Amino acid sequence: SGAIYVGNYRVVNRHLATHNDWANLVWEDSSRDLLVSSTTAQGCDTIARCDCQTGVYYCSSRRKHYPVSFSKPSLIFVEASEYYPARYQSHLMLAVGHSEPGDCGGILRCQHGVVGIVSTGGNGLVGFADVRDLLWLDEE
Ligand SMILES: COc1ccccc1CC(=O)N1C[C@]2(C(N)=O)CC[C@H]1C2
Ligand SMILES: [Zn+2]
């Protein structure tokens, strides 16, 4: 589990969104595994606006933050999961790192701010849903 709290937005994995998230929906995209809902309180996270390919992510299944090198956002085939069938997920970045299904929502960050959240993994890989192209998260 986990979310990004920027301005009056909450960014979560679409497959972990709550009823309150759907009832206060701003934007969702199943191909990216992302959903954004509105919040009453202002958040403290800042979004990175950069081309970094190195950063640090939080792994709840180890209670640890790990440094990682990650690929550029791309269209990748992801195996079946109970939340989605085997399909192509867009704006996904891969890295070598430990991940388990419940690690979804952990933040990946660089020196500029939040880059994305854990969305996929298995066998020593971890995948992150990028959010750096969502410029509207910085306004309204
Ligand atoms: C955290 O992902 C891990 C980790 C270890 C093993 C397997 C996975 C992958 C996994 O179960 N999923 C990838 C999902 C997707 N984004 O389509 C999101 C949750 C389902 C579907
Ligand atoms: Zn950066």
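By convention here, the first residue in the shown sequence is residue 1. All ligand and atom numbering here is 1-based and tracks the order in the structure.
- Counting atoms of ligand 1 from 1 in the listed order, those under 4.0 Å from a heavy atom of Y84 are 15 (C), 17 (O), 21 (C).
- Looking at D21 and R10, a side-chain N of the basic residue comes within less than 4.0 Å of a carboxylate O on the acidic one, giving a salt bridge.
- Distance from atom 18 (C) of ligand 1 to its nearest protein heavy atom, with residue and atom name: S119 O, 2.9 Å.
- Checked by atom type, the side-chain pair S60/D103 shows a donor-acceptor distance below 3.5 Å.
- With a 4.0 Å cut-off on non-hydrogen atoms, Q89 touches ligand 1 through its side chain and not its backbone.
- In this structure, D103 has no heavy atom closer than 4.0 Å to ligand 1.
- Residues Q42 and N8 meet the side-chain proximity criterion, which asks for heavy atoms closer than 4.5 Å.
- Every atom of ligand 1 with a heavy atom of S99 under 4.0 Å away is listed here by number and element: 4 (C), 5 (C).
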Distance-only donor-acceptor hits, side chain of residues 77-94, under 3.5 Å, sequence neighbours excluded:
residue : atom : partner : partner atom : Å
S81     : OG   : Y83     : N            : 3.1
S81     : OG   : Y84     : N            : 2.9
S81     : OG   : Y84     : O            : 3.0
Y84     : OH   : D33     : OD1          : 2.6
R87     : NH1  : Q89     : OE1          : 3.4
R87     : NH2  : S30     : O            : 3.0
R87     : NH2  : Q89     : OE1          : 3.0
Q89     : NE2  : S119    : OG           : 2.9
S90     : OG   : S31     : OG           : 3.3

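- Close approach to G122 involves these atoms of ligand 1, each under 4.0 Å from a residue heavy atom: 4 (C), 5 (C), 6 (C).
- The backbone N or O of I47 sits nowhere less than 3.5 Å from a side-chain atom of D138 that would complete a donor-acceptor pair.
- Listed by number with element, the atoms of ligand 1 under 4.0 angstrom from any heavy atom of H15 are 18 (C), 19 (C).
- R32 places no side-chain N or O within donor-acceptor distance of the main-chain N or O of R14, the cut-off being under 3.5 Å.
- Here the heavy atom of the protein found nearest to atom 7 (C) of ligand 1 is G121 O, 3.3 Å.
- Rounding to the nearest 0.5 Å gives a distance of 6.0 Å between CH2 of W136 and CG of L134.
- Looking at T120 against ligand 1, both its backbone and its side chain come within 4.0 Å, counting heavy atoms.
- The SG atom of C110, the Zn ion (ligand 2) and the SG atom of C52 define an angle of 120° (nearest 10 degrees).
- Between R132 and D51 there is no salt bridge, since none of the side-chain N atoms of the basic residue sits less than 4.0 Å from a carboxylate O of the acidic one.
- Side-chain N or O atoms of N13 include one that pairs as donor or acceptor with a backbone N or O of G105 at under 3.5 Å.
- In this structure, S74 contributes its side chain and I76 its backbone to no donor-acceptor pair below 3.5 Å.
- Residue contacts with ligand 1 for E82 are absent, since no atom lies close enough (heavy atoms, distance under 4.0 Å).
- Each of the atoms 11 (O), 12 (N), 20 (C), 21 (C) of ligand 1 lies under 4.0 Å from some heavy atom of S81.
- Of all the atoms in ligand 1, the ones that sit under 4.0 Å from a non-hydrogen atom of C104 are 1 (C).
- For atom 4 (C) of ligand 1, the nearest non-hydrogen atom of the protein is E100 C, 3.4 Å.
- Atom ND1 is the N, O or S atom of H112 at the shortest distance from the Zn ion (ligand 2).
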